[PDB]
$ cat structure_24.cif   # mmCIF, N, CA and C atoms
data_coords
#
loop_
_atom_site.label_atom_id
_atom_site.label_comp_id
_atom_site.auth_asym_id
_atom_site.auth_seq_id
_atom_site.Cartn_x
_atom_site.Cartn_y
_atom_site.Cartn_z
N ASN L 59 33.22 -27.60 -16.67
CA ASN L 59 32.03 -28.43 -16.74
C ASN L 59 30.84 -27.69 -16.15
N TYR L 60 29.74 -27.67 -16.90
CA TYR L 60 28.50 -27.03 -16.47
C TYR L 60 27.45 -28.04 -16.02
N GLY L 61 27.85 -29.29 -15.80
CA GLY L 61 26.95 -30.30 -15.30
C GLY L 61 26.05 -30.87 -16.38
N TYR L 62 25.14 -31.74 -15.93
CA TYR L 62 24.19 -32.37 -16.83
C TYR L 62 23.23 -31.35 -17.41
N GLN L 63 22.96 -31.46 -18.71
CA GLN L 63 22.04 -30.55 -19.40
C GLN L 63 21.07 -31.39 -20.22
N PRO L 64 19.77 -31.31 -19.96
CA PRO L 64 18.81 -32.08 -20.76
C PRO L 64 18.83 -31.65 -22.22
N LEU L 65 18.56 -32.62 -23.10
CA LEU L 65 18.63 -32.39 -24.54
C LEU L 65 17.33 -31.84 -25.10
N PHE L 66 16.20 -32.50 -24.81
CA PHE L 66 14.92 -32.11 -25.39
C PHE L 66 14.08 -31.22 -24.49
N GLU L 67 14.45 -31.06 -23.23
CA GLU L 67 13.68 -30.22 -22.33
C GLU L 67 13.87 -28.75 -22.66
N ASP L 68 12.80 -27.97 -22.48
CA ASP L 68 12.87 -26.54 -22.72
C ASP L 68 13.86 -25.88 -21.77
N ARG L 69 14.58 -24.88 -22.27
CA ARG L 69 15.60 -24.20 -21.47
C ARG L 69 14.91 -23.37 -20.40
N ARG L 70 15.06 -23.79 -19.15
CA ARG L 70 14.49 -23.13 -17.99
C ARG L 70 15.59 -22.74 -17.01
N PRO L 71 15.40 -21.67 -16.24
CA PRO L 71 16.33 -21.41 -15.13
C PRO L 71 16.19 -22.48 -14.06
N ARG L 72 17.33 -22.94 -13.55
CA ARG L 72 17.32 -24.05 -12.61
C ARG L 72 18.14 -23.75 -11.36
N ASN L 73 19.17 -22.92 -11.50
CA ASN L 73 20.11 -22.65 -10.42
C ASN L 73 20.26 -21.15 -10.22
N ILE L 74 20.97 -20.79 -9.16
CA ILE L 74 21.25 -19.39 -8.87
C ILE L 74 22.15 -18.82 -9.96
N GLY L 75 21.79 -17.64 -10.46
CA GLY L 75 22.52 -17.01 -11.54
C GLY L 75 21.93 -17.20 -12.91
N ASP L 76 20.94 -18.08 -13.06
CA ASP L 76 20.29 -18.28 -14.34
C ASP L 76 19.35 -17.13 -14.65
N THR L 77 19.18 -16.85 -15.94
CA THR L 77 18.40 -15.71 -16.40
C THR L 77 17.03 -16.16 -16.91
N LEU L 78 16.06 -15.25 -16.81
CA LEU L 78 14.69 -15.51 -17.21
C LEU L 78 14.06 -14.22 -17.71
N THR L 79 13.27 -14.31 -18.78
CA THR L 79 12.64 -13.14 -19.37
C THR L 79 11.24 -12.96 -18.80
N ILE L 80 10.98 -11.79 -18.23
CA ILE L 80 9.68 -11.42 -17.70
C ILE L 80 9.05 -10.43 -18.68
N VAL L 81 7.87 -10.77 -19.17
CA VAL L 81 7.07 -9.87 -20.00
C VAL L 81 6.11 -9.15 -19.08
N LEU L 82 6.43 -7.90 -18.76
CA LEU L 82 5.58 -7.09 -17.89
C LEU L 82 4.34 -6.67 -18.66
N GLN L 83 3.19 -7.22 -18.27
CA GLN L 83 1.91 -6.88 -18.88
C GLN L 83 0.87 -6.83 -17.75
N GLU L 84 0.69 -5.64 -17.19
CA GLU L 84 -0.25 -5.41 -16.11
C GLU L 84 -1.37 -4.50 -16.59
N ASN L 85 -2.61 -4.88 -16.25
CA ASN L 85 -3.80 -4.11 -16.62
C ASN L 85 -4.83 -4.32 -15.51
N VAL L 86 -4.87 -3.39 -14.56
CA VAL L 86 -5.78 -3.47 -13.42
C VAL L 86 -6.69 -2.25 -13.45
N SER L 87 -7.98 -2.47 -13.21
CA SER L 87 -8.96 -1.39 -13.24
C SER L 87 -10.10 -1.75 -12.29
N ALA L 88 -10.31 -0.94 -11.27
CA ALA L 88 -11.41 -1.12 -10.33
C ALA L 88 -12.20 0.18 -10.22
N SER L 89 -13.50 0.04 -9.97
CA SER L 89 -14.38 1.20 -9.88
C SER L 89 -15.56 0.87 -8.98
N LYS L 90 -16.09 1.91 -8.35
CA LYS L 90 -17.28 1.78 -7.51
C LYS L 90 -18.00 3.12 -7.49
N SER L 91 -19.32 3.07 -7.36
CA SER L 91 -20.13 4.27 -7.29
C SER L 91 -21.45 3.94 -6.61
N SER L 92 -22.03 4.94 -5.95
CA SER L 92 -23.30 4.76 -5.27
C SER L 92 -23.96 6.12 -5.10
N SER L 93 -25.27 6.09 -4.83
CA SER L 93 -26.03 7.31 -4.60
C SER L 93 -27.30 6.96 -3.84
N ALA L 94 -27.90 7.98 -3.24
CA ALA L 94 -29.15 7.85 -2.51
C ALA L 94 -29.88 9.18 -2.56
N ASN L 95 -31.21 9.12 -2.53
CA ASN L 95 -32.01 10.34 -2.56
C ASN L 95 -33.33 10.09 -1.84
N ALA L 96 -33.93 11.18 -1.38
CA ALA L 96 -35.24 11.13 -0.74
C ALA L 96 -35.91 12.48 -0.91
N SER L 97 -37.21 12.45 -1.17
CA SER L 97 -37.95 13.68 -1.40
C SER L 97 -39.33 13.56 -0.77
N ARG L 98 -39.88 14.72 -0.39
CA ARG L 98 -41.20 14.77 0.23
C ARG L 98 -41.78 16.15 -0.02
N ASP L 99 -42.97 16.20 -0.63
CA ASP L 99 -43.66 17.45 -0.90
C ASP L 99 -45.09 17.34 -0.41
N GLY L 100 -45.54 18.33 0.36
CA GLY L 100 -46.90 18.32 0.86
C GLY L 100 -47.56 19.68 0.82
N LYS L 101 -48.74 19.75 0.22
CA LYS L 101 -49.52 20.98 0.15
C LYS L 101 -50.93 20.70 0.63
N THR L 102 -51.48 21.62 1.42
CA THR L 102 -52.83 21.46 1.95
C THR L 102 -53.48 22.83 2.03
N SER L 103 -54.79 22.87 1.76
CA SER L 103 -55.52 24.12 1.79
C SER L 103 -56.99 23.86 2.08
N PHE L 104 -57.65 24.87 2.63
CA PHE L 104 -59.10 24.86 2.79
C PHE L 104 -59.57 26.31 2.85
N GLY L 105 -60.58 26.62 2.05
CA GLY L 105 -61.13 27.96 2.03
C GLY L 105 -62.64 27.99 1.89
N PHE L 106 -63.29 28.87 2.65
CA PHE L 106 -64.73 29.08 2.58
C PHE L 106 -64.95 30.45 1.95
N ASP L 107 -65.19 30.46 0.64
CA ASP L 107 -65.37 31.72 -0.07
C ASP L 107 -66.68 32.39 0.32
N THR L 108 -67.77 31.64 0.31
CA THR L 108 -69.08 32.12 0.73
C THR L 108 -69.60 31.21 1.83
N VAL L 109 -69.89 31.78 2.98
CA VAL L 109 -70.33 31.03 4.16
C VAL L 109 -71.82 31.29 4.35
N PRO L 110 -72.66 30.26 4.36
CA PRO L 110 -74.08 30.47 4.67
C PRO L 110 -74.26 30.92 6.11
N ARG L 111 -75.42 31.53 6.37
CA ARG L 111 -75.65 32.15 7.67
C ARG L 111 -75.56 31.14 8.81
N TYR L 112 -76.21 29.99 8.65
CA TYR L 112 -76.22 28.99 9.72
C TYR L 112 -74.84 28.41 9.99
N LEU L 113 -73.88 28.62 9.10
CA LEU L 113 -72.51 28.18 9.30
C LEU L 113 -71.58 29.31 9.72
N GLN L 114 -72.08 30.55 9.76
CA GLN L 114 -71.22 31.70 10.00
C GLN L 114 -70.40 31.53 11.28
N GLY L 115 -71.08 31.23 12.39
CA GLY L 115 -70.40 31.11 13.67
C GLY L 115 -69.32 30.05 13.69
N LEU L 116 -69.36 29.09 12.77
CA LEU L 116 -68.33 28.07 12.68
C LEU L 116 -67.31 28.34 11.59
N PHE H 117 -49.03 28.25 15.39
CA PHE H 117 -48.44 28.48 14.07
C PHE H 117 -48.55 29.92 13.61
N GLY H 118 -49.13 30.81 14.41
CA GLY H 118 -49.23 32.20 14.04
C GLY H 118 -47.91 32.93 14.17
N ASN H 119 -47.84 34.11 13.54
CA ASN H 119 -46.65 34.96 13.55
C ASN H 119 -45.42 34.23 13.02
N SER H 120 -45.63 33.32 12.07
CA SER H 120 -44.56 32.53 11.45
C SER H 120 -43.67 31.88 12.50
N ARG H 121 -44.29 31.30 13.53
CA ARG H 121 -43.53 30.71 14.62
C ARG H 121 -42.86 29.40 14.20
N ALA H 122 -43.47 28.65 13.30
CA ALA H 122 -42.92 27.38 12.84
C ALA H 122 -42.42 27.42 11.41
N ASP H 123 -42.63 28.53 10.69
CA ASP H 123 -42.10 28.65 9.34
C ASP H 123 -40.58 28.60 9.36
N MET H 124 -40.00 27.79 8.48
CA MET H 124 -38.55 27.62 8.47
C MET H 124 -38.11 27.17 7.09
N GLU H 125 -36.81 27.35 6.83
CA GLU H 125 -36.23 27.01 5.53
C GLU H 125 -34.72 26.90 5.70
N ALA H 126 -34.16 25.75 5.34
CA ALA H 126 -32.73 25.52 5.45
C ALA H 126 -32.21 24.82 4.20
N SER H 127 -30.93 25.04 3.92
CA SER H 127 -30.26 24.43 2.78
C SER H 127 -28.81 24.14 3.16
N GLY H 128 -28.24 23.12 2.53
CA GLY H 128 -26.86 22.75 2.80
C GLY H 128 -26.28 21.95 1.65
N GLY H 129 -24.97 22.08 1.49
CA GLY H 129 -24.27 21.39 0.42
C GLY H 129 -22.86 21.06 0.83
N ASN H 130 -22.36 19.95 0.29
CA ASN H 130 -21.00 19.49 0.53
C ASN H 130 -20.51 18.81 -0.74
N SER H 131 -19.33 19.20 -1.22
CA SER H 131 -18.80 18.66 -2.46
C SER H 131 -17.31 18.39 -2.32
N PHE H 132 -16.86 17.30 -2.93
CA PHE H 132 -15.45 16.94 -2.94
C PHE H 132 -15.15 16.18 -4.22
N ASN H 133 -14.06 16.56 -4.88
CA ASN H 133 -13.61 15.90 -6.10
C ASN H 133 -12.09 15.91 -6.12
N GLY H 134 -11.48 14.75 -5.93
CA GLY H 134 -10.04 14.61 -6.04
C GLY H 134 -9.68 13.64 -7.14
N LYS H 135 -8.51 13.84 -7.74
CA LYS H 135 -8.04 12.95 -8.79
C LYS H 135 -6.52 13.04 -8.87
N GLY H 136 -5.92 12.05 -9.51
CA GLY H 136 -4.48 12.03 -9.67
C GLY H 136 -4.08 10.96 -10.66
N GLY H 137 -2.82 11.05 -11.09
CA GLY H 137 -2.30 10.10 -12.05
C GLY H 137 -0.83 10.31 -12.36
N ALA H 138 -0.22 9.31 -12.98
CA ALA H 138 1.18 9.39 -13.39
C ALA H 138 1.39 8.44 -14.56
N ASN H 139 2.45 8.68 -15.31
CA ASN H 139 2.78 7.82 -16.44
C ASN H 139 4.23 8.04 -16.83
N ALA H 140 4.88 6.97 -17.28
CA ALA H 140 6.25 7.02 -17.74
C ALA H 140 6.40 6.13 -18.96
N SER H 141 7.36 6.47 -19.82
CA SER H 141 7.63 5.68 -21.00
C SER H 141 9.06 5.93 -21.45
N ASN H 142 9.60 4.95 -22.18
CA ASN H 142 10.93 5.08 -22.75
C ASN H 142 11.06 4.12 -23.93
N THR H 143 11.72 4.60 -24.98
CA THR H 143 12.00 3.81 -26.16
C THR H 143 13.48 3.92 -26.49
N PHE H 144 14.01 2.88 -27.13
CA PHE H 144 15.40 2.86 -27.56
C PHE H 144 15.51 1.95 -28.76
N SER H 145 16.16 2.44 -29.81
CA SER H 145 16.36 1.65 -31.02
C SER H 145 17.77 1.86 -31.53
N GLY H 146 18.45 0.77 -31.85
CA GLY H 146 19.79 0.87 -32.40
C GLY H 146 20.47 -0.48 -32.45
N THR H 147 21.74 -0.45 -32.83
CA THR H 147 22.57 -1.64 -32.91
C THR H 147 23.97 -1.30 -32.43
N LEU H 148 24.55 -2.16 -31.59
CA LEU H 148 25.87 -1.92 -31.04
C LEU H 148 26.61 -3.24 -30.89
N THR H 149 27.88 -3.26 -31.28
CA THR H 149 28.71 -4.45 -31.12
C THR H 149 29.52 -4.33 -29.83
N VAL H 150 29.35 -5.31 -28.95
CA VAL H 150 30.01 -5.32 -27.65
C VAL H 150 31.00 -6.47 -27.60
N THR H 151 31.80 -6.53 -26.54
CA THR H 151 32.83 -7.53 -26.35
C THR H 151 32.59 -8.27 -25.05
N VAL H 152 32.89 -9.56 -25.05
CA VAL H 152 32.78 -10.39 -23.85
C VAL H 152 34.03 -10.17 -23.00
N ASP H 153 33.83 -9.75 -21.75
CA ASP H 153 34.95 -9.54 -20.84
C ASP H 153 34.95 -10.50 -19.66
N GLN H 154 34.01 -11.44 -19.60
CA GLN H 154 33.98 -12.43 -18.53
C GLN H 154 33.04 -13.56 -18.92
N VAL H 155 33.41 -14.78 -18.55
CA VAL H 155 32.57 -15.96 -18.71
C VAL H 155 32.25 -16.48 -17.32
N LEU H 156 30.96 -16.58 -17.01
CA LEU H 156 30.52 -16.93 -15.67
C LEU H 156 30.58 -18.45 -15.47
N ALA H 157 30.24 -18.89 -14.26
CA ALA H 157 30.36 -20.31 -13.92
C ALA H 157 29.36 -21.17 -14.68
N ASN H 158 28.23 -20.59 -15.10
CA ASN H 158 27.23 -21.32 -15.86
C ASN H 158 27.33 -21.09 -17.36
N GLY H 159 28.39 -20.43 -17.82
CA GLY H 159 28.60 -20.18 -19.23
C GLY H 159 28.07 -18.85 -19.73
N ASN H 160 27.29 -18.14 -18.92
CA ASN H 160 26.79 -16.83 -19.33
C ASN H 160 27.95 -15.85 -19.49
N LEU H 161 27.80 -14.92 -20.43
CA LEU H 161 28.87 -14.03 -20.83
C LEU H 161 28.56 -12.61 -20.39
N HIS H 162 29.48 -12.00 -19.64
CA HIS H 162 29.39 -10.58 -19.36
C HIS H 162 29.92 -9.80 -20.55
N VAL H 163 29.15 -8.83 -21.02
CA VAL H 163 29.45 -8.08 -22.23
C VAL H 163 29.44 -6.59 -21.92
N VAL H 164 30.41 -5.88 -22.49
CA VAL H 164 30.51 -4.42 -22.39
C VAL H 164 30.85 -3.87 -23.77
N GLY H 165 30.36 -2.68 -24.06
CA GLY H 165 30.60 -2.08 -25.36
C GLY H 165 30.38 -0.59 -25.35
N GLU H 166 31.07 0.10 -26.25
CA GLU H 166 30.96 1.55 -26.35
C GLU H 166 31.14 1.97 -27.80
N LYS H 167 30.29 2.90 -28.24
CA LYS H 167 30.38 3.50 -29.56
C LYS H 167 30.45 5.01 -29.40
N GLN H 168 31.46 5.63 -30.01
CA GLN H 168 31.66 7.07 -29.94
C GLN H 168 31.56 7.65 -31.34
N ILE H 169 30.61 8.56 -31.53
CA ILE H 169 30.42 9.21 -32.86
C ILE H 169 30.58 10.72 -32.70
N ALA H 170 31.41 11.33 -33.54
CA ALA H 170 31.55 12.80 -33.54
C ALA H 170 31.11 13.35 -34.90
N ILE H 171 30.04 14.14 -34.94
CA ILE H 171 29.51 14.69 -36.21
C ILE H 171 29.53 16.21 -36.12
N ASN H 172 30.54 16.87 -36.67
CA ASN H 172 30.56 18.36 -36.76
C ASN H 172 30.90 19.03 -35.44
N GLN H 173 29.95 19.15 -34.51
CA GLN H 173 30.20 20.02 -33.36
C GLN H 173 29.80 19.34 -32.05
N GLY H 174 30.23 18.10 -31.87
CA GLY H 174 29.99 17.41 -30.61
C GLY H 174 30.37 15.95 -30.71
#
$ encode --input "structure_24.cif" --output "structure tokens"
Amino acid sequence: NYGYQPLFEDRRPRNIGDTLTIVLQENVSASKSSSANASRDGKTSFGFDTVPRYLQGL
Amino acid sequence: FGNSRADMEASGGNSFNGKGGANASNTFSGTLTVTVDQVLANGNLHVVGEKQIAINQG
């Protein structure tokens, strides 16, 4: 005797020793990315090509 | 600032790239007739079977 068995219920595992089908379908995907930047450019100039007389000493 | 007392220039770099992976697969296709050698307490059947084929040189 295997005990009471439901008639219309779907066949499910209920006790120790019962079998069950596992459909292994795994799809995992993780990603991450980052960046940082900094820039600085500086140019400066001053030139006196021709200096008038009253400015010579300066 | 004379005599290049404050003139300076530096550079630096650091790089790293690691990666890895693995994969496995297996396929099997055929048909084999086995025999029941045990009936369990819930009615499930233990089955064992063997097919031996010799073709020419093995």
$ atom_distance --input "structure_24.cif" --atom1 "atom C of residue L:59" --atom2 "atom CA of residue H:158"
7.3 Å
$ resolve_selection --input "structure_24.cif" --expression "the PyMOL selection byres ((chain L and name CA) within 10 of (chain H and name CA))" --output "MDAnalysis selection string"
chainID L and resid 59:61 73:77
$ write_last_selection --input "structure_24.cif" --atoms "N, CA and C atoms" --output "CSV table (one decimal), in the frame of the given file"
chain,number,residue,atom,x,y,z
L,59,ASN,N,33.2,-27.6,-16.7
L,59,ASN,CA,32.0,-28.4,-16.7
L,59,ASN,C,30.8,-27.7,-16.2
L,60,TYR,N,29.7,-27.7,-16.9
L,60,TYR,CA,28.5,-27.0,-16.5
L,60,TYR,C,27.4,-28.0,-16.0
L,61,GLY,N,27.8,-29.3,-15.8
L,61,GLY,CA,27.0,-30.3,-15.3
L,61,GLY,C,26.0,-30.9,-16.4
L,73,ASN,N,19.2,-22.9,-11.5
L,73,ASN,CA,20.1,-22.6,-10.4
L,73,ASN,C,20.3,-21.2,-10.2
L,74,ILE,N,21.0,-20.8,-9.2
L,74,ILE,CA,21.2,-19.4,-8.9
L,74,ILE,C,22.2,-18.8,-10.0
L,75,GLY,N,21.8,-17.6,-10.5
L,75,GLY,CA,22.5,-17.0,-11.5
L,75,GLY,C,21.9,-17.2,-12.9
L,76,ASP,N,20.9,-18.1,-13.1
L,76,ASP,CA,20.3,-18.3,-14.3
L,76,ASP,C,19.4,-17.1,-14.6
L,77,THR,N,19.2,-16.8,-15.9
L,77,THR,CA,18.4,-15.7,-16.4
L,77,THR,C,17.0,-16.2,-16.9
$ resolve_selection --input "structure_24.cif" --expression "the PyMOL selection byres ((chain H and resi 152) around 5)" --output "number ranges by chain"
H: 150-151, 153-154, 162-163
$ atom_distance --input "structure_24.cif" --atom1 "atom CA of residue L:101" --atom2 "atom C of residue L:115"
25.6 Å
$ atom_distance --input "structure_24.cif" --atom1 "atom CA of residue H:147" --atom2 "atom CA of residue L:83"
25.5 Å
$ select_by_dssp --input "structure_24.cif" --residues "chain H" --states "strand (DSSP E or B)" --output "list in words"
residues 151, 152, 153, 154, 155, 161, 162, 163 and 164 of chain H
